[PDB]
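Atoms considered below: every heavy atom in the structure, side chains included; atoms not considered: hydrogens, waters and symmetry mates. Here is the naming used below: chain letters follow the sequence lines, and residue numbers restart at 1 for every chain.
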Number of protein chains: 2
Amino acid sequence: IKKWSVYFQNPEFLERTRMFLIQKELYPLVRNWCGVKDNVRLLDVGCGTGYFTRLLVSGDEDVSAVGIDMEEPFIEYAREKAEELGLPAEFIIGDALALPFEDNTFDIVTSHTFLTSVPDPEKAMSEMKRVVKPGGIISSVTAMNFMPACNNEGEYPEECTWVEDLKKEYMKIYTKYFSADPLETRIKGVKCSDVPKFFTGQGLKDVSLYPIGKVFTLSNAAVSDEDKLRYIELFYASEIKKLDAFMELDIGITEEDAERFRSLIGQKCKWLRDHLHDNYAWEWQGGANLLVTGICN
Amino acid sequence: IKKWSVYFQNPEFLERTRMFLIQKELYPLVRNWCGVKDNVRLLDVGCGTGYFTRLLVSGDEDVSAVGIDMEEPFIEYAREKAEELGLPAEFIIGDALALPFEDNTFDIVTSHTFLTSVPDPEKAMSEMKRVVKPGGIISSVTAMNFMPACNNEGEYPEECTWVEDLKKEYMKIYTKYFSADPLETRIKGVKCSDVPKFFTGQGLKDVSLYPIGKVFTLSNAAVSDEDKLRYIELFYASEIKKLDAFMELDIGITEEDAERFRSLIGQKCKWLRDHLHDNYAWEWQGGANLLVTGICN
Ligand SMILES: Nc1ncnc2c1ncn2[C@@H]1O[C@H](CSCC[C@H](N)C(=O)O)[C@@H](O)[C@H]1O
Ligand SMILES: Nc1ncnc2c1ncn2[C@@H]1O[C@H](CSCC[C@H](N)C(=O)O)[C@@H](O)[C@H]1O
């Protein structure tokens with residue numbers, strides 16, 4: 001099995017794919033539903049690059065957070081991110097199955113797209129229950145489906161010659177990635193449909209569900225330029241680093257192929273940058289994540 | 001083609017299936033995104049029983065609304081509903097393709113799960129553009145998928161003998177309904193994935209997308225008893241009225257079958273009522289709807 005933070009999802013990939021999951025305007029609601037509130041200290045388990053960690057501590061409330069993850073690269077990045085934004089969040093390398101804390105340390109315990117992944121969700125939940133204070137809220141956000149509920153590849157202007165080639169190269173190189181790094185190891189946890197049942201089954205009380213819609217497109221007028229430009233940077237960087245990591249291994253990608261793929265990714269990004277205000281391609285994707293909370297005794 | 005409000009979706013069916021689409025807590029956000037604001041008068045096109053109409057005028061803002069629909073039963077019900085709740089909404093029988101109003105009557109024009117349905121969405125949109133004031137917001141909410149993104153039939157206690165029989169009878173009677181009333185006539189409009197493209201394609205500007213998550217389950221601790229009890233009533237009534245309408249036609253349902261189906265539906269409802277506080281079946285379903293707005297010139 002290949003190192004998660006290098007070959008499967010690099011730090012930039014996590015940042016680019018999480019950025020648009022939850023509208024800015026939903027943050028106070030999501031904070032409230034997870035039990036964020038004055039003088040709350042929270043733990044975010046498998047925090048990756050700290051996306052959800054940041055979201056929860058980004059309000060006006062007097063809160064602090066610890067994020068824990070197995071991947072050194074994720075923790076490094078999370079620290080850099082939090083430090084940059086001045087946020088009260090600590091990031092720590094460690095194991096979900098073996099939390100380096102005493103019982104009843106945290107008011108709130110959460111995880112984001114994590115219970116889906118762990119080989120042993122019962123034990124992880126057992127840890128979350130141990131470390132939360134009596135009567136505190138444990139929350140999980142998980143994908144409702146691995147497929148998007150709706151999807152359009154978009155229609156780019158006819159001038160754009162990179163569109164067909166890149167589509168072709170992308171699912172050629174990516175099928176090669178799926179060989180060398182199979183997905184089935186990463187999705188050993190609680191099935192999407194089973195999470196609510198899992199919560200009451202682990203003894204949690206007042207089990208509550210809240211859907212959280214998600215949408216992606218650079219054509220969206222309600223998304224800031226800054227966010228679009230930040231996404232484009234992260235997309236470029238995430239694709240190039242993933243490719244390079246696989247080259248430095250061999251998996252069946254010629255150097256000509258790689259330079260082609262680089263060139264095309266570069267052309268897409270250049271087009272997206274140049275058409276920041278008038279991108280009407282509607283390459284778009286949506287669906288919903290599911291928030292589940294329960295109280296521990 | 002069978003009368004929509006009788007054979008396809010009766011007023012109670014619309015109320016039961018819309019009730020849980022949008023969390024109460026999202027109402028101010030959804031109002032804002034559609035351009036609801038003081039001294040706004042709005043039109044809701046194909047308003048059905050007036051679900052979305054009610055949602056938009058239910059805030060503190062000084063707003064009023066007209067709902068328009070082809071179905072007399074929907075309009076009747078909408079009136080009864082609005083009158084009961086004291087809401088500033090008028091409901092009118094009429095045609096989306098032929099709006100009984102002058103140009104520039106409304107500040108805002110909206111529709112909910114409608115652009116998906118109309119045989120001629122271009123003309124409907126043309127009407128919406130005509131009737132909205134210059135620079136006003138046209139909005140549409142549509143399903144992201146006809147399937148739910150996630151799903152669990154649930155695990156009812158072993159004592160419940162109605163569970164297996166009803167599953168069996170439901171998709172037996174319903175396959176008979178799909179024969180006598182085929183679905184394909186009702187879904188002649190804009191494909192889910194095409195709505196954003198449709199908006200810019202119809203000349204609308206600053207086209208904006210907002211996902212709206214949805215979830216259903218009577219096991220949810222965050223849903224009020226009152227809402228659960230109201231859902232159960234509507235479910236009972238919607239199923240019985242649909243069945244009766246089809247009996248009064250012949251479609252291949254014996255009277256024994258009907259009385260069986262009645263009995264079972266009744267037993268499910270009795271169980272749901274009796275287990276209002278301790279339903280841990282997790283019969284649940286979720287996904288997201290998509291809100292699209294654009295400005296008219
Ligand atoms: N046993 C374990 N202990 C700690 N972290 C783990 C773990 N197993 C998996 N992880 C981490 O779980 C994460 C799943 S996905 C990334 C999750 C992050 N919350 C986000 O949405 O951005 C990965 O970061 C992975 O490194
Ligand atoms: N040409 C037309 N003019 C007016 N209403 C129409 C129409 N074609 C379809 N409708 C109505 O469009 C609706 C679609 S579904 C019900 C929509 C309602 N907004 C809700 O979500 O509860 C039906 O009520 C149907 O009667």
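Contact tally against chain B (heavy-atom pairs below 4.5 Å) for A:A149, A:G287, A:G154, A:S219: the top residue is A:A149. Among B:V207, B:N152, B:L290, the residue with the largest count of heavy-atom pairs under 4.5 Å with chain A is B:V207. Ranked by heavy-atom pairs under 4.5 Å with chain A, the first of B:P211, B:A281, B:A143 is B:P211.
Within a 6.0 Å radius of CD in A:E155, no more than 12 heavy atoms belonging to other residues, nucleotides or ligands are found. For CG of A:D274, the number of neighbouring non-hydrogen atoms (other residues, nucleotides, ligands) closer than 6.0 Å is greater than 12. The environment of B:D62 atom CG is dense: over 12 non-hydrogen atoms of other residues, nucleotides or ligands sit within 6.0 angstrom.
Checked against salt bridge (charged side-chain N to carboxylate O under 4.0 Å, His left out), B:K37 has no partners two or more places apart in sequence or in another chain. In this structure B:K268 satisfies the salt bridge (charged side-chain N to carboxylate O under 4.0 Å, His left out) test together with B:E283, sequence neighbours excluded. Remark: B:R16 pairs with B:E239 by the salt bridge (charged side-chain N to carboxylate O under 4.0 Å, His left out) rule, at least two apart or across chains.
What you find for B:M144 and A:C150 is that their closest heavy atoms are O-CB, 3.2 Å. Contact detail for A:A221 and B:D206: the closest heavy-atom pair is CB-C, 3.6 Å.
When heavy atoms are compared at a cutoff of 4.5 Å, A:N220 approaches chain B by way of both its backbone and its side chain. A:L209 touches chain B through backbone and side chain together, each having a heavy atom under 4.5 Å away. A:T217 touches chain B through its side chain: at least one heavy atom from C-beta onward sits under 4.5 Å away, while N, CA, C and O do not. For A:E25, the parts lying under 4.5 angstrom from a heavy atom of chain B are both the backbone and the side chain.
Applying a 4.5 Å heavy-atom cutoff, the residues of residues 191-205 of chain B that approach chain A are B:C192, B:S193, B:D194, B:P196, B:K197, B:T200.
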